[PDB]
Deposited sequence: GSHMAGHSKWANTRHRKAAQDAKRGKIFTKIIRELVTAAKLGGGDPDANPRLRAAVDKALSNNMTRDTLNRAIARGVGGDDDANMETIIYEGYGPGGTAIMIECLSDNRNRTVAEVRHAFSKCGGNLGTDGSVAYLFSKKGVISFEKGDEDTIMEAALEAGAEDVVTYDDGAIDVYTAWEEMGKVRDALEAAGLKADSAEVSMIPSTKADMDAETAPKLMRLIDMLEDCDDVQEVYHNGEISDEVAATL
């Protein structure tokens, strides 16, 4: 009872309503990495920009910006006792932590020590196929170096790679006539947080408030959902 759109339907139907905020968070992550100009920190941003439909000239002009903002991560728990990580970028640490702290209060939750639920998360590249031949994609993926392949109930396919190889793998599948629909780099949970029609929209409200903050670059969670309940939100 677990499809891919079930853990991507909601919020992804909300992030496509806050495109200004999403566009501009990417911009800051591009400019800051170019100002660094550090290389393997620009790459990530660029890929995120593409997957979000940001034109090339726009990204190039952002990087071509090569205001002291720093990166900061937070951790906590939320609806249904669901683990959560928050990645930020800001020039004001205290204002950032307050806004993040405010979200949890308004959603019954609490931040924690830097090492709490983090160990429950592994940073890896994910190349997704919304459809296709499973055994052919799997072999081409493992062949290219992939670390694992997941096939969901809706035929969607997720290829996991070492976070820093998502690119080589993605390209291999393409040159092989096996184009992925998306290929990003996220934080994958090694555990499941069951959710009901009660502790889901509640969690989803937290992700919404957190993502509403301009300092919040990334929000990850293990609140696995089911097709059964996903049809209540």
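Comparing the deposited sequence with the modelled residues shows gaps at 1-5, 42-46, 77-82, with numbering starting at 1.
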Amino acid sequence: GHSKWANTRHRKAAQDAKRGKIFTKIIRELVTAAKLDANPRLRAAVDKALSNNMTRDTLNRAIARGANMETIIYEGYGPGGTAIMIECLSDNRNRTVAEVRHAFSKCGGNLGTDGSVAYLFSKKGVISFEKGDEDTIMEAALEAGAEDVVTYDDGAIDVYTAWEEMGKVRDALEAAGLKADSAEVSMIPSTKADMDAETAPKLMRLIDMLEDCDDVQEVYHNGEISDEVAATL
From here on, numbers count along this sequence of modelled residues.
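Stretches 152-160 and 109-117 differ in mean CA B factor, with 109-117 having the higher one. Stretches 121-129 and 77-85 differ in mean C-alpha B factor, with the higher average recorded for 77-85. Going by the entry's values, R61 shows the largest Cα B-factor out of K168, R61, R28, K179. In the PDB entry, a CA B factor belonging to the lowest third of its chain's modelled residues is recorded for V216. Among the modelled residues of its chain, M204 has a C-alpha B-factor that falls in the middle third, as given in the PDB entry. The PDB entry assigns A45 a C-alpha temperature factor belonging to the lowest third of its chain's modelled residues. When the modelled residues of the chain are ordered by their C-alpha B factor, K18 lands in the middle third. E198: CA B factor lies in the highest third for its chain, per the PDB record.
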